[PDB]
């Protein structure tokens, strides 16, 4: 199932540091890799895509690399503002699933997505998540849901095509969750049934660019907690 990064790495300012992503070839060997940055409290933002390509505003001390079956993020001229968690991401051709690495904690010496419907529930309960989208032509983009449990790293949950005719789920939630879409109202849904305590997490919706190899945009997230209390 898995795609491993070093749990932590640090450097001094001005230093250059590297973050490894080691996967199988059913994923990294086969597919384009993306990296995501997550400052404390913020949603992840895209940092590197198609292995070595850099989005608009990203400084150029950030670079990506792929080498057979592993990816590598490199930061130069390290700066205190780079303190964040860093995640690699790629599709796995075997499982028909997207997957994030366990992330890496770096320690230094017009478009809109708005998720709603979160809350608090008993194990075995049900919830429906909405994501209100705006600032783009919604039909034309695949979407996903991605959760981060308390203290843990990113986990892909579900995805759905621009049309709606194709849906994909992580084993975790297979058959319990159901990803929906209403392109007339610019909303993505996620029906969560038979909830478990492990489902507890902030839920982000995210917009897939093109073939779903990477997502350039994330909502701020809705909190979902499952407790017997």
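Numbering follows the first chain given and starts at 1.
Asker: Please classify the unmodelled stretch of the deposited sequence between residue 109 and residue 110: none, 1 to 3, 4 to 9, or 10 or more residues.
Answerer: Unmodelled stretch: 10 or more residues.
Asker: Comparing 214-222 with 11-19, which stretch shows the greater average C-alpha B-factor in the deposited entry?
Answerer: The stretch with the larger average C-alpha B-factor is 11-19.
Asker: Tell me which stretch has the larger mean Cα B-factor in this entry, 43-51 or 63-71.
Answerer: The deposited B-factors put 63-71 ahead on the C-alpha mean.
Asker: Among the choices 94, 148, 144, 139, identify the one whose CA B-factor in the record is greatest.
Answerer: Checking the PDB record, the top C-alpha B-factor among 94, 148, 144, 139 is at 94.
Asker: Test of reading the entry: by CA B factor among the chain's modelled residues, which third contains residue 128?
Answerer: CA B-factor rank for residue 128: highest third.
Asker: Quick check for you: using the entry's CA B-factors within this chain, is residue 115 in the lowest, middle or highest third?
Answerer: Middle third of the chain for residue 115's C-alpha B-factor.
Asker: Can you work out whether the C-alpha temperature factor of residue 99 puts it in the lowest, middle or highest third of the chain?
Answerer: CA B-factor rank for residue 99: lowest third.
Asker: Please place residue 183 in the lowest, middle or highest third of its chain by C-alpha B factor as given in the entry.
Answerer: Within its chain, residue 183 is a highest-third residue by C-alpha B-factor, going by the deposited values.
Asker: Should residue 154 be placed in the lowest, middle or highest third of its chain by the C-alpha B factor in the entry?
Answerer: Middle third.
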